[PDB]
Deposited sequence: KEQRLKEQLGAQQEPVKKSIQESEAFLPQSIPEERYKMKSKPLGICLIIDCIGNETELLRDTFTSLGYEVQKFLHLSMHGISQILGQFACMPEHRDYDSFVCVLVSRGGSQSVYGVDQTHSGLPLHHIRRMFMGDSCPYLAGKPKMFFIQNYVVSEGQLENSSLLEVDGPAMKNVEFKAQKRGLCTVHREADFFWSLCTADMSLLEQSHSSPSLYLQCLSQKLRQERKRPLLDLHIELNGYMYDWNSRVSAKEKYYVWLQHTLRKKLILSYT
C-alpha cells in the first residue's frame, strides 16, 4: 500500500492546455515539442506586457474547455523581481505571482477545481480553493540575457529532456533530479550564471504527466 493514496486522473485528450508565455523570446521549440508529445495543446504568446500577461492569464483561467481537460500547465519566461514578473514593461513593480494564483483558485477558476495546475517560471532578475497547485520558480541573473550569443534556459531545456524521456515518473521525482542537475551546473559558475530553483505546492495526489 503506497502513498500518496490517490493519483490525479490523467485521461483527457488533450491532457490540458499548455500555456506558454515567453516575454523574452530566446527559448527554442524544445519545450513546446515536449509538451505536445506529452499530449498537451500548446498555445504560445511572445513579448507580452504585464497588462498582456494579466489579460491572457485571466482569459485562459475562464476557458470553458478546462471542464473537459484533466490538468493545466503554464510556462512563463520573463524578466522580473523576487516574486513577480515584469513582462516586457520597464517597471520595478511587476505582476506578483500570488495574483496569478488567485486567478486559478478553486472559486475563481471552477473548471479546474481538483485538477493539477502547474506553473514553470523562468525569471530573470538583477476542495480548498488553494489546492492542487504546483509552482516551480527558477531565478537566474538578467546578465545571462546580456550576452552576444544568449543561451536558452538550461532549466527549461532540462525540464523538457526529463519529461520527454521519463514522462511516466512522478513530476516531483523528476524535478528533484532536475534540481540536482541545476546544482551541478551551478557548482561550475559564478552567481550571475547560476539557476536557482524553488518549489511550492499543494498537490494532494500522485502526479504523473502521462495517461492513467
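In this chain the deposited sequence has gaps in the coordinates at 1 to 28, 155 to 186, listed in sequence order.
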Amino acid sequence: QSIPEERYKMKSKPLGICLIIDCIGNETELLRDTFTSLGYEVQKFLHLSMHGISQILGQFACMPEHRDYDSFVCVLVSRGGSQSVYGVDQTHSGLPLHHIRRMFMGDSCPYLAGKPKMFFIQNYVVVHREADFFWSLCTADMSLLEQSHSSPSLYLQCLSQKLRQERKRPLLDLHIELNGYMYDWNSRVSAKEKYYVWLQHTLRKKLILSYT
From here on, numbers count along this sequence of modelled residues.
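Averaged over their C-alpha atoms, the temperature factors of 90 to 98 and 71 to 79 are higher for 90 to 98.
Legend: mean Cα B-factor per stretch from the PDB entry, 161 to 169 versus 46 to 54; the higher mean is in 46 to 54. Residues shown: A140, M118, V85, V127. Highest C-alpha temperature factor in the entry: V127. Of the residues listed, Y40, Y155, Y183, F60, the entry assigns the biggest Cα temperature factor to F60.
Looking at the C-alpha B-factors along this chain, the one for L145 belongs to the highest third.
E65: CA B factor lies in the highest third for its chain, per the PDB record.
Annotation for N179: CA B-factor lies in the lowest third of the chain's modelled residues. Sort the chain's modelled residues by C-alpha temperature factor and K192 lands in the middle third, per the entry.
Among the modelled residues of the chain, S151 sits in the highest third by CA temperature factor in this PDB entry.
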